[PDB]
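>>> opening piece of the complex, as it sits:
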Amino acid sequence: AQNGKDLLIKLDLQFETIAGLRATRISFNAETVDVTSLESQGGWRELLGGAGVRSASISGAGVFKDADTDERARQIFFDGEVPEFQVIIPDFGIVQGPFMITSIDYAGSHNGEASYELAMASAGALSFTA
Amino acid sequence: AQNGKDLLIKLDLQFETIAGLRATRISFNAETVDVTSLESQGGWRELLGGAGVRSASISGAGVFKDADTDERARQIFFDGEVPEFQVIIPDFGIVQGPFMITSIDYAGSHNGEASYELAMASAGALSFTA
Amino acid sequence: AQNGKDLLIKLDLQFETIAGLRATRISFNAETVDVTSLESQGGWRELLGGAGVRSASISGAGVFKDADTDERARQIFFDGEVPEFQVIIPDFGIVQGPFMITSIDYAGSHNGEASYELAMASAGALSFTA
Amino acid sequence: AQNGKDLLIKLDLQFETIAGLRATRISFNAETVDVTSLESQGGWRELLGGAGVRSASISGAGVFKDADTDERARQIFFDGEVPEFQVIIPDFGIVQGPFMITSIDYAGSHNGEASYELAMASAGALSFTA
Amino acid sequence: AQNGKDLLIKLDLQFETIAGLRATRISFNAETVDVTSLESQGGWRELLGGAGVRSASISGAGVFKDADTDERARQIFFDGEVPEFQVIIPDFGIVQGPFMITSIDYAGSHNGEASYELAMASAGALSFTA
Amino acid sequence: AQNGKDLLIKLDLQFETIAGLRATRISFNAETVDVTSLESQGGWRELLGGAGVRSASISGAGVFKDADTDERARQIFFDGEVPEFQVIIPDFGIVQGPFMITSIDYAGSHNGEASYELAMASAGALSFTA
Amino acid sequence: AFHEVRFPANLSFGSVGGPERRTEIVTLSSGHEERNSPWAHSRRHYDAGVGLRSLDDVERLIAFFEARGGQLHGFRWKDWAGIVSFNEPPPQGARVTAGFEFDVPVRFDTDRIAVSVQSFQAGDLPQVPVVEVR
Amino acid sequence: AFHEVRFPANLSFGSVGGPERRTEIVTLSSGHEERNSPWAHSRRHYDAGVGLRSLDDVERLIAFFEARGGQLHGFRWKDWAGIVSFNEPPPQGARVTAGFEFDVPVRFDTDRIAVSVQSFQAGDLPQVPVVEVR
């Protein structure tokens, strides 16, 4: 078993995690390049595999606590960059990829928190430190 | 931690917050200008970053209490303008942007309130007072 | 604070509210005419404002109690008209607009009420009595 | 107030209601023929009204109890007809329209009922008996 | 009233019901061939009726208990056939139609069952035994 | 009855199941090649059957526990392959198909687990060991 | 030329048609223009009729083209849009009606028609243009 | 010219075709104009047939074009739309039927056909236009 407190996204400025990090989710994708020739041993769909583009997307939720890493993401959004982002998996290790800052949003209610979602997507080739 | 009572949207007439402000949510966006060349170190999607247009959208919910700032939004809607709007983030600061008044709606039930949603979207370049 | 019992939609025949008026919701709209020139001080989306068309839509729910104002809406639907409709906001005032009777529906169950939704949309220029 | 037990859909064979009639819902429609000329006193959307086509749709739910009126609907579906259907509104009166039998479905579980939905739509000019 | 335990789908091999049959639902359809001429006594939509194609779809849920009728459906899927399927309605009777085996799926969790959905659709002319 | 603990997906490296396997679901498909000629004994839709392509998709959920089989899936994703995957059905048997690693995602919250979904889809002809 | 019937009742939404003129024109290249009209009238030129009913209506429609049609006969045409004048200008329309009450005798502008089957009983044909020969 | 068979049974929704009239025409630039036709019949001119079945039906369909077809043979055609008259006008159709019961012998309006494979067993061909040569 692995603690959900262990997997951490973190910005550059040298890497530090953001403050409100209530729920985060790295999500990989591939578009499944269908190569269905007429011949196929039972009429099954055949796929190519390595031809497909592959992606990554980070969706971080949290409560707005002011930190320099939280101010950094605003500066990354206004001065639109694609810097290095890094996401630990507990016992796998970090990812250390270039991402962008696709859509952030700050929210607040009459009774609750200052909360924020932070949605990111892949911008380059990723890595894995094991 | 930051109180959700602190983040406040406010109209011009000099800035004052609206009366029923039950739930409000500034939401930023960027359309992620995909620049996927054939070369890419693992077939990863590459993105440009700063080429993307960037936006902001405000969705304010609340209960209809008559105020001059609440009458102002009706006047902003009928006499269709794009005046300055300002949204505090608790410990970040204000935003102070030109928005429009995209869609408002007043609602009432046989037993409940006179309630209203107020949806806004970005109309110009935004700011940040820190 | 304003009572939700106060905001009332009402038909002409001279104006009277309909019988079952369980939940009603005037909803305004504008389609946000995007005017995004290549120049923009941070790549922000620019909007025009007053060029956008603007609308209104009324969605009234309620329980079927037979009234002359309830029979009127059936007559407005079969003899398809666009008469004047009027919606009070508690402390703002009335709207007094021409609407149509876009979609109504009567519903009943084996145990519950004869209930009805009544959906309307704007048909002309609206007003505001303050 | 009107009892939901009062509003009844009924088939011809002379009119009799179907057996399982757990929830029924006549639903009228009009497609809102938009006539938006360039001139309009505030840029409001103008509508024509009577040019729009108008419809009716009946969605009856219930538990499968075998009746001759329930067998009739199967015969109406296989021998595809558009016979007269009639729906009472409690204190309004009947509708007495030609409908078709658009989609029916019988369902059953390992523990529950033999249940059925019965979806109908308008097929001609309707009426109203007051 | 009719028991939901009575309505049964069943395969050929001679007809036997499948093992896990938690929830089943035959669903008929017709696409409603709109014949809306310019003339119509109130501008009502006119429909043709018998010109529409008509269909049937069976969605059977259940828990995977190994039976020869459950192995049969796998053989019907891999060796893609359209054999006769038969669905009882409690007091109506059977349907006895040719269907195909459009999409099946086996599912299991870390704590629950081996469960399966079985979705079928019409493949020919149906019947009714009364 | 069959235990949901019994149905197991498993990778090659020789086959071993992955660690967090909270909920898994093999899902087969066929696209239903509609062959609707003008003649049909009641206007019913006719289908061909065996002409349709057929597929399989595996959606495995679980909590991130580090295992060599869990590291294998990362290596299968970065070095994009289509290796053999194998899914037991309790009393049917294994499937033993070539799949790809279409989309995986690691997620974690401020209080919960390191969790992951693992979505796969068919890449070749499948099998069945009975 | 006949006086046989109006038409099948059904006409789909989109039955287009409006008056014509030859009015040949020179467009004097260095200034304004001058242009002549030899008509004093207008061909109403209705197009884009569509029959949409059951197949029972089709066999009385395909031989509508054939039996009283051929090519060269009237079949007075119904307009959803004895002398009628148009007084909304201070000029005048003053256009005659040989047939009574907007009935505009025509002929089909087709060497062939093309009826389609859309479902077990659906009969469709996309266009039957006319020009209202006198 | 043959009397061989109707056709494969299958025809997709969209099998269009209607009578084609020579309708030699003068189009006087003044206005109204006269016209005449030399047929006293009408080529029925059916188009847009589609075969859709298994590949077992295809080899009896591709050689339908070839074996009894060639180009110049009958293969009596079935209409989903011995003398038949049309009495819905006071005029008459009175159009003959050389073959029995709507069987209208034709020929395909194609130098080649084009059969496609859409899946392991799906056989499709988009059009076979005919004209019912006497």
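Everything's here; your move. Residues are numbered from 1 along each chain as shown, chains lettered A, B, ... in the order given.
>>> what about residue A:94, distance to residue A:126?
Note on residue A:94: its distance to residue A:126, by C-beta to C-beta, to the nearest Å, is 10 Å. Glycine gets a C-beta too; all of them are placed from N, C-alpha and C.
>>> so who does residue A:27 touch?
By C-beta atoms under 8 Å, 6 or more residues apart in numbering or on different chains, the contact set of residue A:27 is A:56, A:57, A:58, A:59, F:103, F:105, F:107.
>>> what about the residues you listed, which are in strands?
If you go by DSSP state E, the contacts of residue A:27 have A:56, A:57, A:58, A:59, F:103, F:105, F:107 in strands.
>>> which one among the residues you listed gets closest to residue G:62?
Nearest to residue G:62, judged by C-beta to C-beta, of the ones in strands among the contacts of residue A:27 is residue F:103 at 55.8 Å.
>>> any idea what sits nearest the most centrally placed residue in chain G, other than its immediate chain neighbours?
Most central in chain G under C-alpha atoms, centre = their mean is residue G:46, positioned 3.0 Å from the mean C-alpha point. Nearest residue to residue G:46, sequence neighbours excluded (C-beta to C-beta, 6 or more residues apart in numbering or on different chains): residue G:17, at 3.1 Å.
>>> now for chain I:
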Amino acid sequence: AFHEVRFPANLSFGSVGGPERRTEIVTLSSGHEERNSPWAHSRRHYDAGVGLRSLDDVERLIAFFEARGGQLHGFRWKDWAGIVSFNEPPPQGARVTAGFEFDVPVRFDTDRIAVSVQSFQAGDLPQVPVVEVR
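Just below you will find chain I, in place on the chains above:
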């Protein structure tokens, strides 16, 4: 040429039109080239008007083409876009207005019009291109 009325008030979003210049041109294959225009004005050349109202508006619109129209008459045109000058360059527009206040007398660029029926009361016509003949 008339002074009759502006137009029906309704014009749909898309009523396009802008000045048209003779711009006789030589296009030397070497490179740069000279050009001259003989107008000293610009035909405003408005297009794509659409009438959209009830069928009560249609009969005053179809005979707008016919009665005061014909082909060769004025019907002063309203622009949603006595001498007007344009001073935003140090050059000048200095373009005359024979009619008062943007009323630009025109004529339709059509031998025929084509009004459609889209529902019990909907009247549409897709285009009426003009060119503002002097």
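>>> wait, the residue nearest to the centre of chain G touches residue G:109, no?
No. Using C-beta atoms under 8 Å, residue G:46 is not in contact with residue G:109; the gap is 9.5 Å.
>>> who touches both of these two?
G:129, G:130.
>>> what about the residue of chain G most remote from its centre, is that helix, strand or coil?
What lies farthest from the middle of chain G is residue G:30; by C-alpha atoms, centre = their mean that is 39.0 Å. Look at residue G:30: counting by DSSP: H, G, I helix; E, B strand; the rest coil, its state is coil.
>>> OK, contacts around it?
I:38, I:39.
>>> for it, give its distance to residue I:41.
11 Å.
>>> near chain H, which residues of chain A show up?
Contact residues, chain A versus chain H (C-beta under 8 Å from any C-beta of the partner chain): A:38, A:40, A:43.
>>> so who does the second one touch?
The reference is to residue A:40. A:46, F:53, F:125, H:120.
>>> again, but for the last one
Under the criterion of C-beta under 8 Å, 6+ apart, the contact list for residue A:43 reads E:80, F:50, F:51, F:52, F:53, F:54, H:119, H:120.
>>> include chain J as well:
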Amino acid sequence: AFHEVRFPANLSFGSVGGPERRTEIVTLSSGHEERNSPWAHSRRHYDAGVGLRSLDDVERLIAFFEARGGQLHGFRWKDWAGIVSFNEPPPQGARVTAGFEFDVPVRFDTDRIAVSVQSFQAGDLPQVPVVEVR
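Adding chain J to the chains above:
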């Protein structure tokens, strides 16, 4: 002309093709017709082949056009649709097979081919028409 290989195995759903004829035709304008056939055979005329595999399959496919192709060689073609006869009419097909078992020697109907890259390893080309020269 070669006897080299069938083809790459892959063919996409949509590989269309069917026999041709010249069968020139006069259409006697006042009655039926008369038409001649000089073939006694048919060009099978297969079109719309698509190669879709990895880029490892592409270099053995682009030089399939080049190496044994050039322009003027056989490359026997596989049909997904020694003398074969067609007996479903009382007429006969009786069409010869110079190659064994539906192998129909052809040539590509292209001056050039056009292979596309769809992803890091996807190779596509939209069409390779053939006509089966003897």
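>>> once more on the contacts of residue A:27, with chain J this time?
By C-beta under 8 Å, 6+ apart, the contact list for residue A:27 reads A:56, A:57, A:58, A:59, F:103, F:105, F:107.
>>> go again using 6 Å as the cut-off
A:57, F:105 (C-beta atoms under 6 Å, 6 or more residues apart in numbering or on different chains).
>>> any idea which element it lies in?
strand A:23-30 (DSSP states H and E).
>>> in its sheet, which strands sit next to that strand, and in what direction?
Take DSSP bridges as the rule and strand A:23-30 pairs in its sheet with strand A:54-63 (antiparallel), strand F:97-109 (antiparallel).
>>> so which residue is dead centre in chain A?
By C-alpha atoms, centre = their mean, the most central residue of chain A is residue A:58, 1.9 Å off.
>>> just give me the neighbour total for the closest residue to that one other than its chain neighbours.
Excluding the flanking residues, the one nearest residue A:58 by C-beta to C-beta, 6+ apart is residue A:120, at 3.9 Å. Residue A:120: 24 surrounding residues under other C-beta atoms under 10 Å in any protein chain shown.
>>> now for residue A:120: which residues touch it?
A:58, A:99, A:102.
>>> am I right that the first one is in contact with residue A:25?
No. Residue A:58 is not in contact with residue A:25 according to C-beta atoms under 6 Å; the separation is 7.1 Å.
>>> many thanks, I have nothing further to ask.
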